[PDB]
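Okay, structure incoming, though there's no sequence with it:
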Ligand SMILES: Cc1cc2nc3c(=O)[nH]c(=O)nc-3n(C[C@H](O)[C@H](O)[C@H](O)COP(=O)(O)O)c2cc1C
């Protein structure tokens, strides 16, 4: 497929989100679903468009699978690639580290030369701090299944519509 979606998940929430995003784009012919646990950093070179999904764990940390491959990301040339991000988090229980993982990954990947696409508004959330916020916007789609499960479907539909334009679809 033209778009490669790489996700990491601990309790399965991020995977379900990834599956809905794939479905919203039109299926396997449009988006390849890849678990980062089974991937090598170089697998990311094969796509011009990437979607990175990662839930925040422990104290504002990367999901373990993303944690593992983090240092290897330096070996991938991201120049010219357009990358979107999404993450699962808990704004109530971790109000000081909401969606930190997504922020940590975007900081690293954008520093390697990629173009971030898919900024999302912060107004629909209530949190104190997040490493995923830049100039009053999230760097990617923030999902909260713990506190706002009723908003997920529409958030995904809206975000995917937004990305289609930016990914040339
Ligand atoms: C031990 C623990 C630590 C967590 N830490 C954070 C955090 O620092 N920031 C955040 O936004 N969410 C945090 N969360 C919420 C999770 O990211 C959230 O439950 C998410 O749906 C987990 O996704 P997964 O099933 O894909 O791994 C934490 C949850 C648990 C159980």
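Yep, that arrived. Residues are numbered from 1 along each chain as shown.

Which residue ranges of this protein form strands?
When assigned using DSSP state E, the strands of the chain occupy the ranges 3-7, 31-35, 49-53, 82-88, 115-116, 120-121, 133-134, 137-138, 141-143.

Ok, which of these comes nearest residue 62?
Between residue 62 and the strands of the chain, the tightest spacing by C-beta to C-beta is seen for strand 82-88, at 10.2 Å. (C-beta placed from N, C-alpha, C; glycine too.)

quick one on the thing from earlier: out of the strands of the chain, which comes closest to the ligand?
strand 82-88 (3.6 Å; C-beta to the nearest ligand atom).

Show me what from the protein comes close to the ligand.
9-14, 55-60, 63, 88-90, 94, 97-100, 145-146 (C-beta under 6 Å from any ligand atom).

Residue in this protein with the shortest distance to the ligand?
Proximity of the chain to the ligand (C-beta to the nearest ligand atom) peaks at residue 89, 2.6 Å away.

thought that residue was touching residue 95?
No. Using C-beta atoms under 8 Å, residue 89 is not in contact with residue 95, being 10.1 Å away.

More neighbours: those two, which one.
residue 89 (30 against 14; other C-beta atoms under 10 Å).

Which residues outside the longest helix that the chain contains are in contact with it?
Longest helix of the chain, by residue count under DSSP state H: helix 152-166. Applying C-beta atoms under 8 Å, 6 or more residues apart in numbering, the contact partners of helix 152-166 are 17, 20-21, 24-25, 51, 82, 84, 86, 117-118, 120, 124, 141, 143, 145.

you'd agree residue 82 is up against residue 169?
No. Taking C-beta under 8 Å as the definition, residue 82 is not a contact partner of residue 169, at 11.7 Å.

Tell me which of those two has more neighbours.
The neighbour comparison of residue 82 against residue 169 (other C-beta under 10 Å) goes to residue 82, with 20 against 13.

Please name the residues that touch the more buried one.
Counting by C-beta under 8 Å, 6+ apart, residue 82 touches 48-50, 114-115, 117, 166-167.

next one: residue 11
Applying C-beta under 8 Å, 6+ apart, the residues near residue 11 are residue 55.

Equivalent analysis for residue 51, please.
For residue 51, the contacting residues are 3-6, 21, 31, 83-86, 163, by C-beta under 8 Å, 6+ apart.

Please give me every residue in contact with the nearest residue to residue 141 once chain neighbours are set aside.
By the measure of C-beta to C-beta, 6 or more residues apart in numbering, the closest residue to residue 141 outside its immediate chain neighbours is residue 86, 4.0 Å from it. Applying C-beta under 8 Å, 6+ apart to residue 86 gives the contacts 17-18, 21, 51-53, 102, 140-143, 159.
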